[PDB]
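Chain residues, written in single-letter form:
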Amino acid sequence: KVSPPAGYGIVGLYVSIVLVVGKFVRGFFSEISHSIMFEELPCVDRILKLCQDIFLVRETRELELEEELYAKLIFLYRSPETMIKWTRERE
Amino acid sequence: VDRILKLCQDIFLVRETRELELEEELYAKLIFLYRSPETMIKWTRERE
Amino acid sequence: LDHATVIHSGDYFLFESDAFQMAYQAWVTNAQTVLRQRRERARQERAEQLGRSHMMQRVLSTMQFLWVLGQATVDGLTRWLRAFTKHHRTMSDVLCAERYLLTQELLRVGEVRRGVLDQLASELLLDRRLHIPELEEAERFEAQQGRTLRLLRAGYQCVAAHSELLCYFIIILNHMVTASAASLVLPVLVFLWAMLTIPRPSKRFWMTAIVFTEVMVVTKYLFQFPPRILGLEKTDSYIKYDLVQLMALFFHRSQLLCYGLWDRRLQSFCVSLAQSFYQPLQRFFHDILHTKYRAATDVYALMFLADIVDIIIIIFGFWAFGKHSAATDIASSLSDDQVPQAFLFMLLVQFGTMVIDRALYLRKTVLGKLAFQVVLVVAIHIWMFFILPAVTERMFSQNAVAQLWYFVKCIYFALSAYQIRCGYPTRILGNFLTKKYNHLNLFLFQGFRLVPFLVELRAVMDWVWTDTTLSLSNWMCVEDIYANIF
Amino acid sequence: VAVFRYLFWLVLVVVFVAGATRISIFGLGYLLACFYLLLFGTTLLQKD
Amino acid sequence: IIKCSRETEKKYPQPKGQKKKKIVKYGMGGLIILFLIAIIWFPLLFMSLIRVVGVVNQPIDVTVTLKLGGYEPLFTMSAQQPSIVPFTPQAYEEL
Ligand SMILES: CCCCCCCCCCCCCCCCC[C@@H](O)O[C@H](CO[C@H](O)CCCCCCCCCCCCCCC)COP(=O)(O)OCC[N+](C)(C)C
């Protein structure tokens, strides 16, 4: 009997598909527990206002305010203690 | 990380015992423990 | 009502709280330092209770090192055995104390039980009282000596401790190696009757099984001495170990005994009530069997690991079906397809088995337990245990690997039933076998932890089946938290 | 002391195996007698 | 994202004590399990049941030539449709 000349090295197919499965599954969580220091803010509200403020000065195109506000936001990032200092919700 | 173990199995414990506020309470505590490295190290300093 | 209000509402100041080791060092350091440590230890405790020449020296030391290491290994194994000895001792020592009271009865023939008890509030594990000289010199001496006698004693108490395991071993082996009609039918029924009630699983049943054994052996005797061939009893070795099974069972009765255990309308309504007290009462016995509160320790993890091992056993049994019982290259598997439906059915069944076992673990409802036992028994009996299984050329020649799988499932099922006896899944704590945390334990668990696909299956099942406020993110992060923590 | 009691078990078992080692009617009689004593063995020793 | 969560909780705060709702776990778990199990056995089921299928090819022509030396085919015969008799089961049994 003859069959059309699919079904070659199927174990390959198996191994690569399952390792692709591994890639996605580890992708969902690989080090996401590391990405646990950014989701605790009670209100990122002031961060919003300042970031749109840097955008504002962007169109109004003032010189030092730009890098000034970028450095402030960067410092806000540096300290978690600072991410939480005033972000504690209004009493 | 011993105390972290005991508290995490404690959240599991309250899970089977299925009490209401203790669950989210202990999840929030563990989350706060994560937030501060200063706090990861406050009492985790080994027993003298 | 703040479901996530607490996640960001946390305060901080309130938040803050108010043996082989010689083998290790010798593999690391010069073992000469290790023996110097061992004897200087000997020195310290004994105080407590009160370079060609160098080349031959290292070689002689090496010979001594080998002797010392062997001695250390036996001591460590002995320590493990000793651990078993303490649990058995609980019984041994309580029995010795009561025996001494009996000794007093022999010396003083009188009758007061409570008075002799008084020399020894009515229920205590510990009973500190007067102490009789012979007992103390006896254990002190026994403790003082040992080179291999420790092993002998350990054998004595372990065998006493096991009590019923060997009967299981013999029953499974005899039928698996030789399976006549009775030899194969009897085990399933004996397991089911046995795995029922903890105080006394079989009121009179053990005797029924043993009596069957004597009559069948007698039958064999006359058999050596036609229609007889029709019966599923065949010429073979005169006997292998049935006498040993019978002696072991007799010892079982002796131990139970030594410990102490047992072993107008008027007439029409009376007859109906009697019938109710036989069969409906038996149904009530099943109900009390299924009633709440019997207490035994719970170890889910041993079941889960045993199950995965069972899958390992099954998967191992794949190439043997082919013309290659040696786990050869995959190409043969590609080019053989020697009736592969059985592999898929078995694997599907075992995965379903794992799913249901976890489901029972989380919800602890009896129907799952019964489903487990019934499905396993029917599967084993229908799938195997007659001429059709010998469809593969596995009559008895290599017909042990499937049997190997058979006993492993059998032990698992029995321990599963024991777990049913304990129940109590709600109360949990880490597996003490895992909680011994040994570097070997650590390696085994991590290897379990490196296999593909584990994370999603465990996370998804627990997530659906855990019944509290929980997001997928928080719980899955918790498994990650467990990974770093361990 | 082990010889005394443990040998009692030993003698009963060995006589049984001696009866069963060779094929004979005499042996079957010994094995059946062994079971008969065996069931009351604890009682027989207990009794006078 | 974090503001979105805050906004939702402000206007959609789950009542305390619900703990969870069963149906949504049914849904999410079912979808996850079906997707993963299906992918796990997709090659397995495909090779088990579906897996190239043998198609019988039967010679539609047979040609035989008897030739001596290099002179000329002394004989040459070709049979194609009616002289190619497929085996009947009875003939197979006889063989
Ligand atoms: C054959 C093909 C089959 C499909 C194959 C593809 C499968 C794709 C799977 C896509 C999954 C999408 C999941 C969407 C989940 C929405 C959950 C939402 O409804 O709940 C909210 C929670 O979800 C959050 O809003 C989403 C948080 C995401 C945080 C992590 C971000 C991850 C990094 C960026 C995404 C990267 C994705 C990479 C992979 C694509 C709040 O819940 P709550 O109000 O209490 O309950 C109210 C009742 N509900 C749930 C019915 C509405």
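Residues numbered from 1 in each chain as written, not as in the entry; some residues may be left out. Chains lettered and ligands numbered in written order. Part of a larger assembly, values for the part shown. Heavy atoms only, no water. Residues with missing side-chain atoms left out of burial classes, pairs and counts.

- Its PDB header names cryo-EM as the technique used to obtain the model and reports a resolution of 6.81 Å.

## Some points on the overall build of chain E
Line of reasoning, step 1. Along chain E, the regular secondary structure elements total three helices and two strands.
Line of reasoning, step 2. Ordered by position in the sequence, the α and β elements of chain E form the string α-α-β-β-α.
Line of reasoning, step 3. A globule of 95 residues ought to have a C-alpha radius of gyration of about 12 Å, yet chain E, at 36 Å, is considerably larger. (Helix = DSSP H or I, 4+ residues; strand = E, 2+ residues; numbered from the N terminus. Rg over C-alpha atoms; globule rule 2.2 N^0.38 Å.)

## Digging into the overall build of chain B
Line of reasoning, step 1. Tallying secondary structure elements over chain B gives three helices and zero strands in all.
Line of reasoning, step 2. Listing the helices and strands of chain B from first to last along the sequence gives α-α-α.
Line of reasoning, step 3. In terms of principal-axis extent, the alpha carbons of chain B reach across some 35 × 20 × 10 Å.

## Considerations on the side chain of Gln403 of chain C
Line of reasoning, step 1. Along the chain, the position of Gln403 of chain C falls in helix α17 (residues 401–422).
Line of reasoning, step 2. With a relative accessible area of 13%, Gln403 of chain C lands in the buried category. (Buried < 20%, exposed > 50% of the residue type's maximum accessible area, 1.4 Å probe, protein only.)

## Looking at empty space enclosed by the protein
Line of reasoning, step 1. By volume, the largest cavity is sized at about 90 Å³.
Line of reasoning, step 2. Taken together, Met37, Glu40, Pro80, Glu81 and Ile84 of chain A, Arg35 and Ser36 of chain B together with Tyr12 of chain C make up the lining of the largest cavity.
Line of reasoning, step 3. Counting residues per element, the lining of the largest cavity draws most heavily on helix α4 (residues 80–85) of chain A, at three residues.
Line of reasoning, step 4. Considered class by class, the residues forming the lining of the largest cavity number four nonpolar, one polar and three charged.
Line of reasoning, step 5. A volume near 50 Å³ is recorded for the second largest cavity.
Line of reasoning, step 6. Together, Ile4, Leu7, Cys8, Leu26, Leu30, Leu33 and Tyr34 of chain B line the second largest cavity.
Line of reasoning, step 7. Among the elements of the structure, α1 (2–17) and α2 (20–35) of chain B are those that each provide at least two residues to the lining of the second largest cavity. (1 Å grid on protein atoms, 1.4 Å probe; cavity = no way out; pocket = protein on both sides within 12 Å on 5 of 7 lines; lining within 4 Å. Points joined across faces, edges and corners; volume = space filled by probe spheres on them. Nonpolar A, V, L, I, M, F, W, Y, C, P; charged D, E, K, R; others polar.)

## Points about the interface of chain C and chain B
Line of reasoning, step 1. Listed per partner, the contact involves 22 residues of chain C and 21 residues of chain B.
Line of reasoning, step 2. Summing both partners gives a buried area of about 2100 Å² for chain C against chain B, and 67% of it is carried by carbon and sulfur.
Line of reasoning, step 3. Together, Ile7, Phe15 and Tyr482 of chain C form the three largest contributors to the area buried by chain C at its contact with chain B, with a combined 27%.
Line of reasoning, step 4. Our count for the chain C to chain B interface comes out at one salt bridge.
Line of reasoning, step 5. Between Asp467 of chain C and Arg18 of chain B there is a salt bridge whose closest N-O contact spans 3.5 Å.
Line of reasoning, step 6. For the pair chain C and chain B, the interface holds five residue pairs in polar contact.
Line of reasoning, step 7. Every element with two or more residues in the side of chain C that touches chain B is listed here: α1 (5–9) and α21 (472–485) of chain C.
Line of reasoning, step 8. For the side of chain C that touches chain B, the leading source of residues is α21 of chain C, giving six residues.
Line of reasoning, step 9. Taken together, the residues of the side of chain C that touches chain B sort by class into ten nonpolar, ten polar and two charged. (Contact = heavy atoms within 4.5 Å. Buried area = accessible area lost by both parts, 1.4 Å probe. Salt bridge = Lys/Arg side-chain N within 4 Å of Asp/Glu carboxyl O. Polar contact = N/O pair within 3.5 Å; in protein donor to acceptor, adjacent residues only side chain to side chain.)

## Observations concerning the packing of helix α1 (residues 2–21) of chain D against helix α2 (residues 25–46) of chain D
Residue and element names in this part refer to chain D.
Line of reasoning, step 1. Interhelical geometry of α1 versus α2 gives an angle of 165° and a closest axis separation of 8 Å. Relative to α2, α1 is oriented roughly antiparallel. Taken as a pair, α1 and α2 cross one another with a handedness that is left-handed. Residue-level inspection shows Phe8, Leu12, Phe16 and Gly19 of α1 in contact with α2, the latter providing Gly27, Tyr30, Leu31, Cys34, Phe35, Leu38, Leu44 and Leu45. (Axes fitted to C-alpha atoms, helices over the stretch in contact; angles between N-to-C directions. Parallel < 35°, antiparallel > 145°, perpendicular 65-115°, else oblique. Left-handed = near helix turned anticlockwise from the far one by under 90°.)

## With respect to the environment of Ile47 of chain A
Residue and element names in this part refer to chain A.
Line of reasoning, step 1. Along the chain, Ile47 falls in helix α2 (residues 45–60).
Line of reasoning, step 2. Taking the C-alpha atoms as reference, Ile47 lies 14 Å from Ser79; in sequence the two are 32 residues apart.
Line of reasoning, step 3. If we skip the residues at most four places from it in the chain, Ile47 touches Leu76, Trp86 and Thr87.

## A closer look at unusual backbone geometry
Line of reasoning, step 1. Unusually for a residue other than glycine, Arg61 of chain A sits at a positive phi of about 50°.
Line of reasoning, step 2. Mapped onto the secondary structure, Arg61 of chain A falls in the loop between α2 and α3 (63–78).
Line of reasoning, step 3. Unlike most non-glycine residues, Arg51 of chain E shows phi in positive territory, near 35°.
Line of reasoning, step 4. Relative to the elements of secondary structure, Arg51 of chain E occurs in the loop between α2 (22–50) and β1 (62–68).

## Looking at the interface of chain A and chain B
Line of reasoning, step 1. At the interface, six residues of chain A touch four residues of chain B.
Line of reasoning, step 2. At the boundary of chain A with chain B, total buried surface from both sides reaches about 430 Å², with 67% on carbon and sulfur atoms.
Line of reasoning, step 3. Considering only the side of chain A, the residues that lose the most area to chain B are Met37, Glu40 and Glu81 of chain A, jointly responsible for 64% of the buried surface there.
Line of reasoning, step 4. In this structure, the connection of chain A to chain B is made through zero salt bridges.
Line of reasoning, step 5. Connecting chain A to chain B are two residue pairs in polar contact.
Line of reasoning, step 6. Taken together, the residues that form the side of chain A that touches chain B break down as four nonpolar, no polar and two charged.

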